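Everything on this sheet refers to the single structure shown next.
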Amino acid sequence: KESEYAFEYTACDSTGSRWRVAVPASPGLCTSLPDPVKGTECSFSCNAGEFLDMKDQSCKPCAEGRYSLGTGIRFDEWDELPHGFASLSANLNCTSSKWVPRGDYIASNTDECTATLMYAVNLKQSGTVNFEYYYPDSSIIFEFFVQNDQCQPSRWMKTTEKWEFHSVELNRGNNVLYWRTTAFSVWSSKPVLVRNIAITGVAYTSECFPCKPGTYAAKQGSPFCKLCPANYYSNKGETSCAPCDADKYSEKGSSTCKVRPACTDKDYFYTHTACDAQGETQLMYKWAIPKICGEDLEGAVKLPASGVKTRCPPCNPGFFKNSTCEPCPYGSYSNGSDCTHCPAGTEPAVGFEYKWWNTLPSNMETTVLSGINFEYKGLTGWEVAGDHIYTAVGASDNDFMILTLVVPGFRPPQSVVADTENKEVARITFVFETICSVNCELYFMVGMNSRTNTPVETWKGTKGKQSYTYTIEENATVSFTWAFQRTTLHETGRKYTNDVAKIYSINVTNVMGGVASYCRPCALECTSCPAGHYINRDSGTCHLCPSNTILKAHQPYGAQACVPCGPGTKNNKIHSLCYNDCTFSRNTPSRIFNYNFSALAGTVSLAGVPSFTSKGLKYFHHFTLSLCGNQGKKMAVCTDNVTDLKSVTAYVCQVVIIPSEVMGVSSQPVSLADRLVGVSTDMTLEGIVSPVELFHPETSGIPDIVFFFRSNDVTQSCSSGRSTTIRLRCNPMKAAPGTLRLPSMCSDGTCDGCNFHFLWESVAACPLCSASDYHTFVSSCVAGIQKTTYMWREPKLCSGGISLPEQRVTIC
Amino acid sequence: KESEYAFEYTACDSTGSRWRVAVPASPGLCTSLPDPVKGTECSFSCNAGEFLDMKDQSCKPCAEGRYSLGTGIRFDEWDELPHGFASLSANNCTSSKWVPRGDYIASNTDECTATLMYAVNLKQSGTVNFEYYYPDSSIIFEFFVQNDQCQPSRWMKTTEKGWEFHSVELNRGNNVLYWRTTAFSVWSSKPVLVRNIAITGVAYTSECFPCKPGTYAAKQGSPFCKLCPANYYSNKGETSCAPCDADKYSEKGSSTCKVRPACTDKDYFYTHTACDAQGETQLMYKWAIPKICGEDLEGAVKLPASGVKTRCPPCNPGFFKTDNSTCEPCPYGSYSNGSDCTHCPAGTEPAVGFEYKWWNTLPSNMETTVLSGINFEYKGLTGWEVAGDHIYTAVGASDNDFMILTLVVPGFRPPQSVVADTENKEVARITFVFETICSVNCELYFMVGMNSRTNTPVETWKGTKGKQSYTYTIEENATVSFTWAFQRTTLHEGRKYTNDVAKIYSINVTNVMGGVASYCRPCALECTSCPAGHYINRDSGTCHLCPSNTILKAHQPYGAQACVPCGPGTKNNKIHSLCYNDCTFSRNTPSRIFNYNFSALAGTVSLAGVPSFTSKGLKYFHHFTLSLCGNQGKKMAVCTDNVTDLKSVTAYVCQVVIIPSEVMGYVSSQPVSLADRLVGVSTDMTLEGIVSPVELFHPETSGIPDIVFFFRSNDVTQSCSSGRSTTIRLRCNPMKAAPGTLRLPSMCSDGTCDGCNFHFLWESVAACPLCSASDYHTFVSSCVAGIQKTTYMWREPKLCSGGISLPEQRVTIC
Ligand SMILES: *[C@@H]1O[C@H](CO)[C@@H](O[C@@H]2O[C@H](CO)[C@@H](O)[C@H](O)[C@H]2NC(C)=O)[C@H](O)[C@H]1NC(C)=O
Ligand SMILES: *[C@@H]1O[C@H](CO)[C@@H](O[C@@H]2O[C@H](CO)[C@@H](O)[C@H](O)[C@H]2NC(C)=O)[C@H](O)[C@H]1NC(C)=O
Ligand SMILES: *[C@@H]1O[C@H](CO)[C@@H](O[C@@H]2O[C@H](CO)[C@@H](O)[C@H](O)[C@H]2NC(C)=O)[C@H](O)[C@H]1NC(C)=O
Ligand SMILES: *[C@@H]1O[C@H](CO)[C@@H](O[C@@H]2O[C@H](CO)[C@@H](O)[C@H](O)[C@H]2NC(C)=O)[C@H](O)[C@H]1NC(C)=O
Ligand SMILES: *[C@@H]1O[C@H](CO)[C@@H](O)[C@H](O)[C@H]1NC(C)=O
Ligand SMILES: *[C@@H]1O[C@H](CO)[C@@H](O)[C@H](O)[C@H]1NC(C)=O
Ligand SMILES: *[C@@H]1O[C@H](CO)[C@@H](O)[C@H](O)[C@H]1NC(C)=O
Ligand SMILES: *[C@@H]1O[C@H](CO)[C@@H](O)[C@H](O)[C@H]1NC(C)=O
Ligand SMILES: *[C@@H]1O[C@H](CO)[C@@H](O)[C@H](O)[C@H]1NC(C)=O
Ligand SMILES: *[C@@H]1O[C@H](CO)[C@@H](O)[C@H](O)[C@H]1NC(C)=O
């Protein structure tokens with residue numbers, strides 16, 4: 050009978066010809082089977098419609114509700130590591157540092173060691189791989205490279225903004242696919260996620276299986292089932308999703324519905340309503356937008372009563388108070406009642422200040438990022454609360470409630486733009502309060518002119534009413550973004566909605582089209605004064621500051637603007653920065669010394685002792701120094717290779743250097763020195779202490795010249811900012827370029843954590859040979875010959891300077 | 050009909066079950082086919098008993114004369130790189158890939174990577190059985206298999226005695242096989260040969276092919292049909308080889324016979340017969356023993372008339388002539404001039420050792436063997452034949468053959484005086500006349516293997532040469548295998565270079581147990604081991620110490636003239652064996668005498684030259700180890716090659742070549761002794777023939793003379809006629825550190841501008857003179873206010889160090 054036997058192909062011959070043969074279902078069931086007929090030759094791939102019915106030698110689209118795959122394999126569902134996938138970790153213990161199958165997505169390794177996801181496939185015909193990856197953090201470096209059958213080697221992968230797609234072509238011989246991640250770029256993470264692997268060409272033939280539960284395929288020949296929309300039921304092989312009951316809610320593509328939970332107080336978030344014509348703002352309560360709980364269920368608190376009328380907060384400085394806050398014309402400043410017009414002489418202030426929150430300003434945008442799938446829903450991430458701006462309730466406790474301030478351009482004040490040495494284009498601040506309990510991370514990422522976001526700061530744990538001042542270094546459309554995460558733990562539901570960050574105000578200066586609250590008093594032509609000219613509002617004229625004083629371009633107001641230079645330094649031509657001509661001059665009561673470091677003016681470098689990490693990676697820092705001369709311009713420029721695969735101008739710079747062998755390599759450039767506090771023989775100067783105990787005691791006994799630097803930047807670890815001292819030591823035998831030495835007891839660079847103390851032993855640091863630093867030996871006359879000749883002192887500590895006088899002979 | 054259809058297997062299912070189905074030969078030929086029947090599941094490999102007919106499920110032995118292969122694949126014919134084999138070469154090395162020479166494949170001689178890659182989809186677990194030849198150790202040959210995940218006993222043994230067999234297990238995954246050879250061990256080659264690759268487990272099933280022509284399989288189910296023996300005819304599929312005609316000869320495993328060529332005069336090699344009882348030998352002619360030519364063919368010269376009676380050469384020194392005219396050693400304790408060995412007095416001593424000058428027959432220790440150039444196997448029949456005055460180099464099977472002569476010594480007895488001194492490295496020597504008459508591309512080899520160890524080529528001569536010699540000094544008592552190998556040419560082609569013949573006129577070896585004597589040494593009477608450093612006079616009969624500044628030569632401690640005065644600046648040690656320098660020189664000028672003291676420089680110091688690249692991608696930088704003075708003048712620089720472990734020479738200066746560790750993956757080799765004696769220490773630039781040029785190094789600013797330590801090496805090589813001479817120049821630098829700075833000449837970075845002399849320069853403060861009592865300033869001061877201050881102060885242009893202390897200041901009232 051026709052139903053008794055099922056047709057079947059024969060084994061391929063040398064020529065590739067094949068035979069289609071009827072075989073009984075039971076071994077030796079019956080006789081009188083149909084004769085064999087030839088068939089296609091191993092290339093019958095129908096590309097996701099391949100039912101490949103044996104009865105008809107053609108590709109017939111198969112029944113609805115059945116994922117047909119294709120001539121390939123899909124790896125969507127990563128409950129565990131799918132069969133054949135190898136997760137290997139190697140150290141250059154990382155047993156736990158393998159690609160963890162978190163769920164529908166697999167995650168990378170955060171620590172600094174290799175983690176390879178290996179798949180070796182016998183791709184019978186040429187095909188492709190379509191791994192869809194998420195690459196947020198540039199710390200981990202992520203590459204995908206395929207080896208041929210001979211195990212022979218565009219591997220490096222792009223950083224992702226906004228899940229990203231990729232495709233690579235494959236040949237027919239035993240391709241092996243590597244997904245490798247090593248977190249060695251920064252040494253400072257955030258894992259890398261890949262999902263939906265799609266190899267093609269594996270099988271030459273496939274049969275369409277019933278569609279997996281929780282998915283539907285209404286149209287026949289569907290390459291893959293459509294994932295079921297939320298709150299809908301779906302069984303395996305169903306033509307379309309069946310809507311679920313009201314009392315039961317199902318997640319996106321969930322086969323089994325679950326009872327809607329009882330509502331709690333944690334599901335609320337309170338907002339201030341927009342001010343009406345009456346001007347009485349009312350507190351309002353709104354349920355979470357992805358609501359899943361049921362209010363009708365017993366034990367669930369109803370929506371709390373809201374609508375208490377209270378006076379609106381006054382309009383922000385720069386907006387004129391229909392009670393709606395809107396900007397008032399430029400050239401005027403507002404205290405809140407009404408913006409008063411400025412005189413022509415006084416200067417308006419450009420920039421945006423956001424203190425009182427009645428509604429999100431125009432540049433403000435708020436978006437939500439999910440922690441389970443990492444897509445930007447963007448419903449409402451931060452809500453206004455009048456005094457502060459709240460952090461709303463997300464879909465889940467892992468959500469990144471993202472607030473973004475985007476400012477297009479910064480108008481530099483005329484005085485600041487005049488000095489090229491000044492690096493400030495404008496600055497931002499905040500009051501990043503928190504009331505967090507555990508495992509939260511407030512991020513403050515800055516992205517200029519559509520460049521990739523780089524996290525300027527990342528606060529963690531509970532904090533207090535604080536602040537932050539980032540100095541923008543370039544004119545660009547910046548995207549100031551603040552990201553709050555309730556918890557790093559992955560758990561179903563909302564738990565830490567009470568752990569709310571707050572931003573009481575975000576003041577930004579020097580913004581084109583900005584409003585003003587300060588009406589700057591400037592000297593009448602105000603106008604750009606010539607370089608290095610102080611400004612008096614009443615004088616209306618530009619005058620040069622007195623010698624040994626440097627004008628601060630930030631606030632060139634009054635004659636008090638420019639500050640006297642520190643000891644041992646002289647002001648440059650622009651009168652902008654105190655610098656040191658390469659000569660120092662120390663005077664003792666017996667004699668006055670004189671030095672000259674013009675041989676040390678060139679930039680010098682030093683690398684610390686390579687110190688291994690907790691993992692197998694070893695790190696050694698690199699410091700670049702500029703000391704004296706060259707009009708006191710910062711000659712040490714220090715960059716970061718790793719991004720290319732920032733640039734800071736400073737007198738001393740530190741860059742971490744990952745070993746070149748590991749990468750197959756600089757990182758974290760910082761400016762250890764941005765000013766010259768002073769040059770003096772004293773150990774302490776203006777709060778910077780250079781410990782004499784760190785270095786070896788000086789044998790000569792003459793004082794050691796100490797250069798006292800200081801850095802402007804204030805970080806989380808450094809309260810007052812980095813302060814570096816370069817100690818100069820007189821050493822006649824050592825080379826003129828000298829030897830640069832970090833302290834012995836701490837080799838990483840800062841056993842204090844913020845102060846980098848150096849030591850420069852050279853002959854240039856030795857005092858200039860004075861006219862009294864030699865021997866006088868007088869002989870009256872021996873046989874009527876006066877021999878008074880002058881010799882250098884063998885305990886020589888001087889170099890250069892005056893020459894030996896010629897021997898003196900004069901008969902008595 | 051049964052002949053109309055042939056059964057066949059169906060495609061394997063998920064469960065592994067399979068169906069056997071009869072299919073008509075023609076498409077739709079006829080109906081009424083037999084029903085399917087279940088067949089074998091997955092692997093059913095019969096492993097060379099596999100015919101696997103469809104009628105019977107069991108594997109059957111296929112017909113005779115047919116190789117059944119196995120469940121794998123056999124690669125045997127490398128006329129071209131077989132399909133699937135990849136020959137990838139990386140550092153032009155495009156030509157430096159594995160060349161398919163013929164039945165065997167060869168490696169790359171130059172110094173760059175050459176990989177033979179084969180990637181196989183091994184369905185079931187199996188093995189790879191590659192038979193390889195690894196003569197030279199300069200190339201390093203690795204065989205390592207990568208699994209399906211491309212994941213990594219890689220290094221392979223050296224081969225002697227011919228060809229060796231290796232097997233490695235394999236897995237089910239797609240396995241790729243690497244045969245990699247890089248010639249980066251010694252930098253000084257000889258290729259590496261592999262044959263008969265035999266993968267198993269590839270296909271789960273094979274069909275019984277007919278056996279290739281030129282081979283036979285008489286027994287059914289033969290795993291591989293045997294190669295046809297020589298001079299026999301064989302066609303494909305024949306049950307057994309058919310003997311070939313007399314007129315046509317066929318090589319081993321040759322399907323088609325070839326007519327025997329006409330004989331030429333080049334096929335002869337002449338020999339001297341053994342000395343008969345009459346005592347008159349005769350020249351004899353024997354045809355080339357693997358004869359392939361025909362004498363009956365026209366144009367071929369017959370065997371030359373031989374048998375001219377001439378007197379046998381006299382017996383070698385140490386063998387007594389017999390009435391039977393046969394040479395045989397005579398009793399120990401006597402020396403022979405040839406007529407008869409005269410008994411020696413107890414006061415004189417026999418000389419242990421073997422001398423071979425006159426060739427009537429191969430002595431007992433001699434063996435001669437032939438190595439073929441086509442199959443590299445030791446036929447061993449007769450390579451070198453005797454010719455009276457010289458030992459000939461007879462004709463091999465082919466024109467690429469290695470006619471190998473071997474000398475074997477049981478062990479060497481050190482003379483009592485020599486063994487007394489541990490510093491002496493002499494255990495035995497050797498010598499030869501190594502004439503040649505070669506035309507092109509020959510290579511006389513001299514390899515030495517002691518105590519049955521592996522053979523290392525001590526020397527390798529090439530091209531035409533003349534009557535010469537060589538004196539290798541054996542470094543240890545052992546069983547040595549002195550081997551000579553002569554190759555007619557490197558070109559692979562018949563024989564045409566029978567005229568170009570190496571000859572060895574004499575092979576003298578000293579200090580051999582059971583050895584015969586021709587010199588009857590004179591010792592002083594109790602000859603017994605004299606106390607260390609005692610000269611010997613045969614008439615005196617007493618051991619006396621040599622006078623100071625003289626060192627006794629342990630090789631020839633005869634007479635009072637044995638010990639030679641030491642060179643300038645040196646003093647003899649306690650043993651009076653070697654001149655050494657206590658770390659102090661003393662140069663005197665007419666104005667003042669200097670005094671140095673180098674005790675800070677006694678420790679061994681090292682230096683590496685500037686890394687210089689090869690013509691290929693490899694770069695080499697040398698490593699020199701120096702020992703200068705003190706420590707009783709014992710050679711503190713021991714230098715050894717790493718790579719052989721993956732020799733050790735004691736010398737004052739040693740050069741070793743450091744191949745970079747990155748290339749090897751972990755490497756120093758070619759050690760040599762640049763200095764074995766101290767000729768003398770002097771401020772003169774030339775001393776006893778060693779010249780240390782002043783132009784090489786920068787001129788001295790101080791102006792005081794620079795000491796030039798004058799060394800010298802005993803070894804004489806092909807490149808160095810007189811032996812390497814190294815001079816260490818010491819320069820006074822007050823600023824330089826006490827260990828000092830060591831610098832090679834700037835003109836030649838490799839180390840030697842000349843090619844044999846290594847001049848160094850050591851700048852340090854230790855080389856500076858000791859501060860003399862006259863190397864400072866005296867400054868008399870007449871009493872000013874009745875105060876005299878004649879204080880003493882060092883000279884500002886200081887060039888001294890250490891020495892006398894600066895005197896205290898003077899204060900005396902006038
Ligand atoms: C520091 O020493 C230098 C060298 O003696 C002084 O002289 C200058 O040297 C530089 C090269 O280093 C030359 O280019 C200048 O022409 C030299 N003269 C001057 C006036 O600069 C140098 O003057 C010393 N420093 C000071 C401040 O006097
Ligand atoms: C990254 O950039 C730095 C320079 O900023 C490079 O550093 C040099 O590396 C070489 C090789 O080790 C050293 O010889 C130099 O002394 C280094 N100079 C400095 C200033 O660091 C480094 O090579 C770059 N990394 C790359 C190209 O991978
Ligand atoms: C050269 O210098 C070394 C040390 O710098 C001297 O060595 C001393 O030798 C005496 C005996 O002669 C010992 O008692 C001392 O203990 C040695 N010194 C040290 C530090 O161990 C040596 O004498 C000097 N002169 C010569 C010719 O070698
Ligand atoms: C080959 O041998 C030489 C000396 O026998 C080794 O040279 C020293 O190796 C150590 C460790 O590798 C280094 O720290 C030294 O700097 C090397 N030189 C000296 C003078 O000590 C060499 O390492 C050996 N190479 C290998 C691969 O074993
Ligand atoms: C180190 O390896 C051992 C395996 O012996 C493992 O038990 C341990 O957890 C590893 N260390 C860490 C920090 O995981
Ligand atoms: C930011 O604060 C400064 C503090 O002096 C103030 O002058 C400035 O006006 C503020 N920014 C704006 C845009 O108002
Ligand atoms: C620089 O500032 C101007 C003025 O705000 C702005 O229009 C421009 O886009 C900025 N430069 C860039 C981002 O190229
Ligand atoms: C360099 O390689 C080329 C192949 O591109 C080859 O033709 C040439 O002979 C090589 N050079 C030498 C010196 O062999
Ligand atoms: C080797 O040559 C030397 C030459 O001095 C000779 O005295 C000695 O007898 C020779 N060897 C033998 C074993 O005769
Ligand atoms: C050393 O020489 C003796 C001489 O009789 C010999 O028997 C012995 O085998 C030699 N040493 C070795 C290790 O073979």
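In order, the protein sequences belong to chains A and B. Quick note on numbering: the first sequence equals residues 50 to 141, 153 to 213, 218 to 226, 228 to 253, 256 to 388, 391 to 594, 602 to 721, 732 to 750, 755 to 902 in the entry's author numbering. Quick note on numbering: the second sequence equals residues 50 to 140, 153 to 213, 218 to 253, 256 to 560, 562 to 594, 602 to 721, 732 to 751, 755 to 902 in the entry's author numbering. Every residue gets a Cβ at the ideal spot worked out from N, C-alpha and C, and that includes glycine.
Mind checking residue i: buried by the 16 CB within 10 Å criterion, or exposed?
i: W244/A; result: buried
i: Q897/B; result: exposed
i: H410/B; result: exposed
i: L370/A; result: exposed
i: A552/A; result: buried
i: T282/B; result: buried
i: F797/B; result: buried
Going by DSSP, which residues form a beta bridge with residue i?
i: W354/A; result: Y335/A
Could you tell me the alpha carbon to alpha carbon distance between residue i and residue j, rounded to whole angstroms?
i: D794/B; j: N663/B; result: 13 Å
i: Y193/B; j: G440/B; result: 16 Å
i: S107/B; j: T323/B; result: 38 Å
If you measure from the beta carbon of residue i to each beta carbon in chain B, is any gap under 9 Å?
i: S869/A; result: yes
i: residue 917/A; result: The structure shown does not extend to residue 917/A, since chain A is modelled only from 50 through 902, so no value can be given for it.
i: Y335/A; result: no
i: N239/A; result: yes
Compute the beta-carbon to beta-carbon distance between residue i and residue j, rounded to the nearest angstrom, for a pair I have assumed lies under 8 Å.
i: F204/A; j: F230/A; result: Contact flag wrong, Cβ pair sits at about 12 Å.
i: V500/B; j: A629/B; result: Their Cβ separation, rounded to whole angstroms, is 27 Å, which puts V500/B and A629/B out of contact at 8 Å.
Say whether chain A places a C-beta atom closer than 9 Å to the C-beta of residue i.
i: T80/B; result: yes
i: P85/B; result: yes
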